[PDB]
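Below you'll find only one chain, the form deposited in one PDB entry, shown as structure tokens.
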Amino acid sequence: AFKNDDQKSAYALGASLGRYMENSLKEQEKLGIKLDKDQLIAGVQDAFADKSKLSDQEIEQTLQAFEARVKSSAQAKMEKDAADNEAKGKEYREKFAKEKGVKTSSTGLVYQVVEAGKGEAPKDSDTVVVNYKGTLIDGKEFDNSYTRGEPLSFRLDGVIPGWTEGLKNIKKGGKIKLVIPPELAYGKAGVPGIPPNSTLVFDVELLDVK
């Protein structure tokens, strides 16, 4: 294929800009914003060959207005998701908390011990070894150590408060379901894969405490 570097590196540098444009389009689609892909490419080709059909001022201004649109659309969507997820989350916890075997701690953490396990109570400075499954209240799975490949280890005080607190309710060999409010998890900001004010549901198997 590639005869050498002025070729290989060029293609890579280009592939990388492609990649980047696809990723970018992917975030705009979250907001219902769909740019014309043929035009996006034509602009790239035109510029790369110095034949842009828009002046530098028209480019500056068009981008300026477009990025105001994106930010203004993303902000509104964050705001609405935050409020929606806070209320749906609350309702969800309230319903689940009333069920048999389910408990609510003084912090608002809602949990269901499935297997107590046996051994020492995990403490903040312990390293726990776990398998887990993490999903949003709507059933969307966001994390799964099982399909990731191996049991994960961490310091108990290095994880979110919902976990630091929850795992203390069981021992090695145990299993618990944690239903965690955003204020004991990722809050209003959320993190990639976790929307604002998200209540999280984890099914955790505690393999070791060391």
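Numbering starts at 1 and runs along the sequence shown. We call the rigid core whatever largest set of C-alpha positions still superposes within 1.5 Å between the two forms.
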146 to 154 or 56 to 64, whichever carries the higher mean Cα B-factor: 146 to 154
Among all modelled residues of this chain, ranked by Cα B factor, put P196 in the bottom, middle or top third, i.e. lowest, middle or highest. lowest
Against its chain's modelled residues, does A121's Cα B factor rank lowest, middle or highest third? highest
Lowest, middle or highest third: which one holds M21 when the chain's residues are ordered by CA B-factor from the entry? highest
Going by the recorded CA B-factors, say which third of the chain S72 sits in, lowest, middle or highest. highest
What third of its chain, lowest, middle or highest, does the C-alpha temperature factor of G108 fall into? middle
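Same protein, other form: the form deposited in another entry, not shown, and the subject of what follows.
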Comparing between the shown form and the other one on the rigid core, is the C-alpha shift at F154 2 Å or larger? no
Taking the rigid core as reference, does the Cα of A15 move 2 Å or more between the shown form and the other one? yes
Relative to the form shown here, do the C-alpha atoms of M21 and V191 sit closer together or farther apart in the other form, given a change of 3 Å or more? farther
Are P182 and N23 closer or farther apart at the Cα level in the other form than shown, by 3 Å or more? farther
